[PDB]
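Okay, structure first, notes after.
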Amino acid sequence: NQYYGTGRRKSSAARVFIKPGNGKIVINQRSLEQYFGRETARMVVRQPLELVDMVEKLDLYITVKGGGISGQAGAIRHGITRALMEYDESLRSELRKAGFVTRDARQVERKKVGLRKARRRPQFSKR
Amino acid sequence: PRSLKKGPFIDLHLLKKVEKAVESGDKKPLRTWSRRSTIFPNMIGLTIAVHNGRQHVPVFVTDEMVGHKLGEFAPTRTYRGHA
Amino acid sequence: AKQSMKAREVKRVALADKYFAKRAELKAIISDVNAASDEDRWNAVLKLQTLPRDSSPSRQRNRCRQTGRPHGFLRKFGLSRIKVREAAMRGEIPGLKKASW
Amino acid sequence: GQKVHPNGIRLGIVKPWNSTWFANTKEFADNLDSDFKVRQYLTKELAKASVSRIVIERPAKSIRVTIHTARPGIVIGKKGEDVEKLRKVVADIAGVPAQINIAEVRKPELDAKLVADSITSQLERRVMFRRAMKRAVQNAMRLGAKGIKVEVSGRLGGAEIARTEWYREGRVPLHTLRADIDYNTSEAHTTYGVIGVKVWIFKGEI
Amino acid sequence: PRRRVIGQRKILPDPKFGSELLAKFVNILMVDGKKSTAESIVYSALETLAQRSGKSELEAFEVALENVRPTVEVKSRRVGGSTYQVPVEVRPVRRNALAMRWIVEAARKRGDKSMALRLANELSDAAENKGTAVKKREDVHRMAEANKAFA
Amino acid sequence: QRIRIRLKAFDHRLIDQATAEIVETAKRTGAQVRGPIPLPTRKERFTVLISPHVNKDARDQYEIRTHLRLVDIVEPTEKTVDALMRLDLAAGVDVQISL
RNA sequence: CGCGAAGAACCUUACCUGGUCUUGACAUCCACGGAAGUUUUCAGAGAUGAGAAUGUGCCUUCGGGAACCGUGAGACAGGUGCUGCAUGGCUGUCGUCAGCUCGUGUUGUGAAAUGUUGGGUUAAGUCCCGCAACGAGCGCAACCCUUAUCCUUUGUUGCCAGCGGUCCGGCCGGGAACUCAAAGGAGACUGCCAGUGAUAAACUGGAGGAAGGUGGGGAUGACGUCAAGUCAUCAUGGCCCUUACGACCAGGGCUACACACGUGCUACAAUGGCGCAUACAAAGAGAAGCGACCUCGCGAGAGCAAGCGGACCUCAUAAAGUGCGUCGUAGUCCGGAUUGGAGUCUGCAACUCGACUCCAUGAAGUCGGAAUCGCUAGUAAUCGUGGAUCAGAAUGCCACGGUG
RNA sequence: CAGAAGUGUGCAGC
Ligand SMILES: [K+]
Ligand SMILES: [K+]
Ligand SMILES: [K+]
Ligand SMILES: [K+]
Ligand SMILES: [K+]
Ligand SMILES: [Mg+2]
Ligand SMILES: [Mg+2]
Ligand SMILES: [Mg+2]
Ligand SMILES: [Mg+2]
Ligand SMILES: [Mg+2]
Ligand SMILES: [Mg+2]
Ligand SMILES: [Mg+2]
Ligand SMILES: [Mg+2]
Ligand SMILES: [Mg+2]
Ligand SMILES: [Mg+2]
Ligand SMILES: [Mg+2]
Ligand SMILES: [Mg+2]
Ligand SMILES: [Mg+2]
Ligand SMILES: [Mg+2]
Ligand SMILES: [Mg+2]
Ligand SMILES: [Mg+2]
Ligand SMILES: [Mg+2]
Ligand SMILES: [Mg+2]
Ligand SMILES: [Mg+2]
């Protein structure tokens with residue numbers, strides 16, 4: 001049966017199902033290499049399975065929604081790490097050291113009245 | 001410019017006067033405030049005293065003027081150098 | 001606002017309902033018409049200019065209901081930014097309260 | 001500097017709204033306008049009947065108005081003959097059929113609106129403002145407020161230059177959102193002009 | 001800051017060569033957050049430098065950076081009525097930061113037909129102990145030794 | 001056929017007790033009910049300058065939250081639809097019904 | 001100094017020229033005659049004048065009364081006229097700085113002092129010891145909203161793990177798993193463990209956890225200073241006008257142009273321009289509305305017309321990006337001001353003075369003197385999207401998400 | 001090590 005993890009990052013959310021199998025990865029019915037064109041995403045999606053050293057022993061089915069490229073990549077990494085901790089809880093102490101278990105909370109800071117941006121203040125002049 | 005679907009614009013209260021002025025032969029200059037009215041061909045050879053905000057300015061309708069608005073010939077602001 | 005401005009505005013609002021709300025056909029059906037003869041369209045164009053000018057809805061200012069202020073009007077409430085806040089903090093508006101996020 | 005209006009910041013936390021009805025944007029403004037008209041009328045009408053508060057509710061395409069007053073018998077009228085006039089004129093103003101309810105404010109000395117109006121009336125009676133303020137504070141405290149403060153502003157005593165004068169007793173924690181701070185304002189139209197009276201009454205937290 | 005001291009933010013190593021130093025270099029060459037553009041430029045420059053040098057990419061980059069990292073810098077020190085330039089032993093992390101900044105800003109102002117090629121040329125010159133990044137390092141050392149009297 | 005009720009209010013507790021009354025009276029009347037669904041809370045934001053003059057940067061920001069609830073009567077027998085027509089609610093609730 | 005103004009073609013409008021009225025455009029009272037009103041003409045720029053053609057609510061306890069209209073006399077209306085240095089209310093600022101005070105006691109002839117100072121500590125008059133002080137109040141902190149983790153409940157208009165069907169479309173039967181919607185609850189407390197410290201308060205490091213020391217952000221602004229801002233939002237004392245500083249109307253102006261300054265937008269290019277293909281958002285609005293599909297047009301748009309008071313329909317194919325080609329350091333295939341020509345749309349009406357589309361034209365500008373400004377992390381930078389005001393009319397303002 | 005000047009005149013808080 002499927003082992004499950006929800007993960008999320010910025011506005012992106014991902015559902016990850018993992019199962020024993022020959023290393024297949026599918027995201028939104030697309031190959032990893034087809035869905036992501038940027039090497040950073042292709043690396044971060046592997047990072048946890050690389051460190052666990054199971055890339056050739058597990059396969060996973062993923063769907064991901066919301067946010068852009070890196071948001072979804074991080075959301076997938078987070079879901080993968082949760083699901084594989086459900087698969088083998090003994091790995092948690094390792095993943096804690098890897099830093100993946102922390103749900104990255106850096107949301108976008110809302111604009112504030114009187115400021116052009118989150119913090120960019122208008123140009124000031126003495127006179 | 002006005003949508004080509006609608007055709008050019010003239011004020012009725014001006015047209016009623018253009019009519020009798022053409023019948024009379026522009027016997028006297030036709031005062032008007034309809035600066036927005038278009039110059040129609042029937043107006044050629046008339047003199048219209050178009051309001052400018054404080055005076056009526058005589059415009060003599062030359063054939064070249066057709067299709068312009070009357071107000072284009074009555075400047076509204078006075079400038080003559082700063083010094 | 002000067003009381004005359006209030007009388008003038010309500011006069012315009014009333015007058016607009018006596019004509020264009022009914023005779024809008026004259027423009028929307030005829031002066032805008034393509035399927036019909038240009039002579040009728042021309043006659044309608046000329047006729048529309050005979051309606052009292054203040055009957056056009058485009059001439060309504062849309063003032064604040066409680067003080068007649070023209071600027072800073074809010075269409076949800078019918079009030080200026082001033083009177084809306086005065087009523088708001090006194091709790092006269094049935095669901096409005098200060099936001100935070 | 002300036003302070004937030006202490007009622008509005010507490011709306012929904014501890015203070016309820018004085019109007020309660022749901023409306024779509026189409027009729028919202030007309031409801032708000034007719035509510036304003038009825039409030040203005042009732043305030044002008046009952047000016048001596050110590051009306052503390054007016055709550056307007058619009059159920060079932062009807063209006064019902066609850067009036068909180070420290071002098072109910074004057075508002076009701078003998079045999080209720082007066083509420084008939086109020087409800088009929090309110091039905092005229094709102095157009096929808098009207099119902100009126102009246103509620104006693106048992107202790108007007110603990111009501112910021114009635115205290116503010118009392119001080120205002122006394123000022124227009126040419127009472128010394130110090131005495132009016134002191135009397136108000138002392139009565140509120142002896143009747144069991146957890147605290148009070150009062151303020152009066154502008155051309156006090158006909159002075160040529162305006163002042164603000166304020167007096168405080170007990171505890172009055174305006175930054176505490178749990179605090180049920182009652183608050184109100186009134187204005188005295190003396191021969192010298194407008195004197196502004198503000199009243200805060202603290203009745204305990206939560 | 002005057003109250004705090006800050007712990008360093010977590011960096012991610014370069015995905016192709018595994019180097020945090022190359023990651024910092026990319027982050028310095030990056031403009032407007034166009035990370036992937038900078039990555040492409042850096043990879044092209046490194047591969048062309050590699051084939052020029054007969055070296056691995058990181059090896060050529062390291063030997064270039066060795067030639068430009070400064071050993072000392074000049075710092076303004078206040079005295080009760082004067083200010084003196086005084087040489088200070090710059091620490092290694094700031095050495096790397098300075099060397100990368102100097103390489104990047106030197107390349108940026110070259111005339112060559114593309115940023116990747118400008119960069120490759122500047123790294124070659126640096127490895128060859130020549131050019132603008134090296135003269136920058138040099139004159140920094142000159143100034144330090146000229147101020148050595150106050151150290 | 002089903003009947004479907006949408007409740008709107010400016011108070012989630014008032015809307016809550018309204019839905020509770022609906023569900024309890026309906027099931028007491030033998031209705032089959034598919035339970036109250038919370039639809040997304042449409043909210044309006046306003047910004048106003050609070051000075052009578054100038055001071056463009058001095059502003060207050062306000063919101064109105066409209067709470068929604070959906071409930072479906074999936075077997076509306078005559079007595080159930082009658083009872084649901086008989087209920088009255090506080091004016092803070094708008095009830096809109098469909099068949 | 002993109003400030004009131006969250007939006008000046010008419011209106012707005014308060015200004016100018018001219019034309020008009022005088023108990024008045026807006027209110028109450030009083031007397032007289034009439035329902036109100038509708039359809040229509042001739043004058044005039046229009047205001048306003050004239051004149052025709054049409055029309056009777058409710059008791060009438062019949063005298064009229066209820067609306068509205070006109071007329072007529074006075075009280076009176078009206079004033080965006082002056083005083084913000086006569087005021088209320090509201091707002092800016094020092095400043096979200098950590099301060100500011102009072103009761104009783106005590107000290108001093110007294111103004112006053114102590115407390116509130118001292119040793120540590122904190123974001124903090126935060127906390128602990130000491131001390132003629134002992135207590136308290138307004139401030140700090142907390143309560144409030146939002147965000148980062150989990151759990152219960154409900155499960156359509158939202159979802160699709162696992163099952164049958166499939167036209168390959170969650171689209172079908174179906175499931176309530178998952179995302180999500182949103183009501184309720186849990187969690188963070190220096191709570192736990194070493195070390196330092198004055199057997200103190202608290203500091204350093206560690207465990208666990210989604211989060212660690214105010215976890216991030218917002219709201220919240222003490223006593224008071226600046227005779228700070230507003231009599232033009234409004235209210236108001238005093239003063240001034242009352243055939244005019246009041247009222248109606250058309251046209252014009254607020255959009256001028258020798259110049260000087262502030263805040264922004266677009267650029268000077270290759271970390272780029274152009275062309276073709278193709279990925280990944282959030283948050284809002286919609287009935288005098290948002291407007292699909294389809295047909296027509298190079299385009300702005302036009303015709304027809306579905307749906308939606310909306311987790312359903314429309315606004316609406318996000319752009320940066322990724323792949324491929326081309327340009328070759330050029331005042332250029334950079335830049336797109338200016339100006340001619342032809343059009344669309346809103347509107348009684350785009351001359352003064354709107355927006356946008358097409359064709360053509362193709363300035364200055366090659367990183368900016370003295371000087372000066374913002375920002376400490378999902379920040380700066382950079383790229384798109386929405387909304388209010390609004391018939392039409394953002395490079396401004398208020399919000400959202402992507403890369404970072 | 002250098003760094004000068006700031007017109008006259010008023011009114012509440014008893
Ligand atoms: K003031
Ligand atoms: K004392
Ligand atoms: K005044
Ligand atoms: K601009
Ligand atoms: K618009
Ligand atoms: Mg400034
Ligand atoms: Mg308008
Ligand atoms: Mg600004
Ligand atoms: Mg004008
Ligand atoms: Mg002034
Ligand atoms: Mg002190
Ligand atoms: Mg101390
Ligand atoms: Mg304290
Ligand atoms: Mg002490
Ligand atoms: Mg606080
Ligand atoms: Mg002043
Ligand atoms: Mg003025
Ligand atoms: Mg005018
Ligand atoms: Mg202007
Ligand atoms: Mg060049
Ligand atoms: Mg900071
Ligand atoms: Mg952003
Ligand atoms: Mg001198
Ligand atoms: Mg002096």
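Because only heavy atoms are used, hydrogens play no part in the values below, and waters and symmetry mates are left out as well, while side chains stay in. Note on naming: letters A, B, ... go to the chains in the order of the sequence lines (proteins, then strands), and numbering restarts at 1 for each one.
One interatomic measurement links the two molecules: CZ of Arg178(D) to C1' of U220(G), which rounds to 15 Å at whole-angstrom precision. Here the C1' atom of nucleotide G251(G) and the CG atom of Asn52(B) are 9 Å apart, to the nearest Å. For the pair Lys109(E) NZ and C367(G) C1', the interatomic distance rounds to 13 Å; values are reported in whole Å. Between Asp180(D) atom CG and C143(G) atom P there is a gap of 19 Å when expressed in whole angstrom units. Nucleotide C178(G) holds its P atom 20 Å from the CD1 atom of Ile76(A), rounded to whole Å. Residue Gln123(A) contributes atom CD, which lies 13 Å from atom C1' of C375(G) at whole-angstrom precision. To the nearest angstrom, P of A45(G) lies 14 Å from CG of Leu70(B). Atom CG in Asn27(E) sits roughly 13 Å away from atom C1' in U403(G) (whole-Å rounding).
Aromatic stacking is not marked for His51(B) over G251(G), as the cut-offs of 5.5 Å for the centres and 30° for the planes do not both hold. The aromatic ring of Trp33(B) does not sit over the base of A250(G); the criterion of centres under 5.5 Å apart with planes under 30° is not met.
Without both centres closer than 5.5 angstrom and planes tilted by less than 30 degrees, the six-membered rings of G44(G) and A45(G) do not count as a stacked pair. Using a cut-off of 5.5 Å between ring centres and 30° between planes, the six-membered base rings of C97(G) and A98(G) qualify as stacked. Taking ring-centre separation below 5.5 Å and interplanar angle below 30 degrees as the test, the adjacent bases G191(G) and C192(G) pass.
Interface remark: the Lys6(B) side chain does form a donor-acceptor pair with the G347(G) base, using a distance-only criterion of under 3.5 Å. Taking 3.5 Å as the limit, the base of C257(G) and the side chain of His82(B) contain a donor-acceptor pair of atoms between them. For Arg119(A) against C375(G), a side-chain-to-base donor-acceptor contact under 3.5 Å is absent. Side-chain to base pairing of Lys117(A) with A381(G): one donor and one acceptor N or O lie within less than 3.5 Å of each other. Looking at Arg171(D), its side chain has no donor and acceptor atom pair within 3.5 Å of the base of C138(G). Contact of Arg110(A) with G216(G) (side chain to base): no donor-acceptor pair of N or O atoms is detected under 3.5 Å. Not a single donor-acceptor contact under 3.5 angstrom links the side-chain atoms of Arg45(F) to the base of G284(G). With hydrogens and angles left out, the side chain of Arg59(C) and the base of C10(G) share a donor-acceptor pair within 3.5 Å. For a distance-only test at 3.5 Å, the side chain of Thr102(A) fails to qualify as a donor-acceptor partner of the base of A211(G).
In the model, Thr164(D) has a side-chain atom that pairs as donor or acceptor with a side-chain atom of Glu151(D) under 3.5 Å. Remark: the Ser98(F) side chain and the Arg4(F) side chain contain no N/O donor-acceptor pair separated by less than 3.5 Å.
Taking 4.0 Å as the cut-off between side-chain N and carboxylate O, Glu72(B) and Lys69(B) do not count as a salt-bridged pair. Electrostatic pairing of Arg118(E) and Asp112(E) does not count as a salt bridge here, judged by no charged N lying under 4.0 Å from a carboxylate O. Electrostatic pairing of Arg65(F) and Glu63(F) counts as a salt bridge here, judged by a charged N lying under 4.0 Å from a carboxylate O. Between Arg171(D) and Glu205(D), at least one side-chain nitrogen of the basic residue sits less than 4.0 Å from a carboxylate oxygen of the acidic one, meeting the salt-bridge criterion. Between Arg106(A) and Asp104(A), at least one side-chain nitrogen of the basic residue sits less than 4.0 Å from a carboxylate oxygen of the acidic one, meeting the salt-bridge criterion.
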In the 5'-to-3' direction, what one-character label does each nucleotide of nucleotides 390-397 of chain G receive under the scheme B = base within less than 4.0 Å of a protein heavy atom, S = sugar-phosphate only, - = no such atom?
-> BB----SS
Between protein and nucleotides 226-236 of chain G, map the contacts as a letter string: B base, S sugar-phosphate only, - none, heavy atoms under 4.0 Å, written 5' to 3'.
-> -B-BS--BSSS
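Pairing partner, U80(G): none, since no Watson-Crick or wobble contact has both distances short of 3.5 Å.
When the shell of 6.0 Å around CZ of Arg54(B) is examined, it contains 12 or fewer heavy atoms from other residues, nucleotides or ligands. Within 6.0 Å of CD1 on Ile6(E) lie more than 12 heavy atoms contributed by other residues, nucleotides or ligands.
At a threshold of 4.0 angstrom between heavy atoms, the contacts of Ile6(E) with the nucleic acid are absent. Within the nucleic acid shown, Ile195(D) has no heavy atom closer than 4.0 Å to any nucleic acid atom. Note on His67(F): only backbone sugar-phosphate atoms sit closer than 4.0 angstrom, heavy atoms only; bases stay farther off. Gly35(F) comes within 4.0 angstrom of the backbone, heavy atoms only, and of no base. Using a 4.0 Å heavy-atom distance criterion, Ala38(E) is classed as making no nucleic acid contact. Within 4.0 Å (heavy atoms only), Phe36(A) reaches no atom of the nucleic acid at all. Residue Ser36(E) is in sugar-phosphate contact alone, with no base atom involved, counting any heavy-atom pair closer than 4.0 Å across all strands shown.
Rounded to a whole angstrom, the distance from the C1' atom of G354(G) to that of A391(G) is 12 Å. Rounded to whole Å, the separation between the P atoms of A183(G) and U190(G) comes to 31 Å. The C1' atoms of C312(G) and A292(G) are separated by 14 Å, rounded to the nearest whole Å.
The torsion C1'-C2'-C3'-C4' is the criterion here, and for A142(G) it is positive, giving a north pucker.
The one candidate from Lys18(C), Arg61(C), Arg12(C) that meets the salt bridge (charged side-chain N to carboxylate O under 4.0 Å, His left out) condition with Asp54(C) is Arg12(C).
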Output a table of nitrogen or oxygen pairs between the protein and nucleotides 94-103 of chain G separated by less than 3.5 Å.
none

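The heavy-atom pair separating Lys97(C) from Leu11(D) by the smallest distance is CD-O, 3.9 Å. For the pair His51(B) and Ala74(B), the tightest heavy-atom approach, listed with the atom from each and the gap, is O-CB, 4.3 Å.
Here the two rings, on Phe46(F) and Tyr62(F), have centers that are 6.0 Å apart or farther.
Classification of the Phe17(A)-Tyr61(A) ring pair by plane angle, with boundaries at 30° and 60°, yields tilted.
Both tests do not hold together for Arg168(D) against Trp200(D): distance to the six-membered ring centre under 6.0 Å, angle to the ring axis within 45°.
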